[PDB]
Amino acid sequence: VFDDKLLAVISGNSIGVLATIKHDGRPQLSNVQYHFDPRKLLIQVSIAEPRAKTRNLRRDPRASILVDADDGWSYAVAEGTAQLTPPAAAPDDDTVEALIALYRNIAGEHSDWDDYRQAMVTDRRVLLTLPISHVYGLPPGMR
């Protein structure tokens, strides 16, 4: 279904442009760090619980992330309907535990897990899981 060349771009990077839908219908853009599960074909990112115009994400979870290739203009865009965990509220709740696994997948073992836990709570962190439904873009070539 998906172009392996585009999936390779996603696999060879760890940051991209996340796009969600604001109340007025306009996309909200940001540079985020992500984890890509190549078998389950899903992308995971950590965000603070949205507020104001960005909160619309809660009622319309359609999202996309653009990832840059290593050549001149190539890029891949993963599209899907995001699933969100409730915001982190306790240093040991299910959400934080899930965010610890995400951190491990993206950066590895943290130096002060206790600091991390409180940071997640202070930022009302949400783990956004985006199962990939559509992949498009411009595939890089032999180089």
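Position 1 is the first residue in the sequence shown; the rest follow in order.
According to the deposited model, is the average Cα temperature factor higher in 63 to 71 or in 97 to 105?
Taking the mean B-factor of the alpha carbons in each, 97 to 105 is higher.
Mean temperature factor over C-alpha atoms, higher-scoring stretch between 110 to 118 and 79 to 87
Higher mean C-alpha B-factor: 110 to 118.
Tell me, please, which of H35, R51, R26, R39 has the highest C-alpha B factor according to the deposited entry?
That would be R39.
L138 CA temperature factor, ranked by third within the chain
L138: CA B-factor falls in the middle third of its chain.
Modelled-residue ranking by C-alpha temperature factor, third containing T20
It belongs to the lowest third of the chain when residues are ordered by C-alpha B-factor.
Looking at the entry's B-factor column for C-alpha atoms only, identify whether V1 ranks in the lowest, middle or highest third of its chain.
Ranked within chain, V1 CA B lands in the highest tercile.
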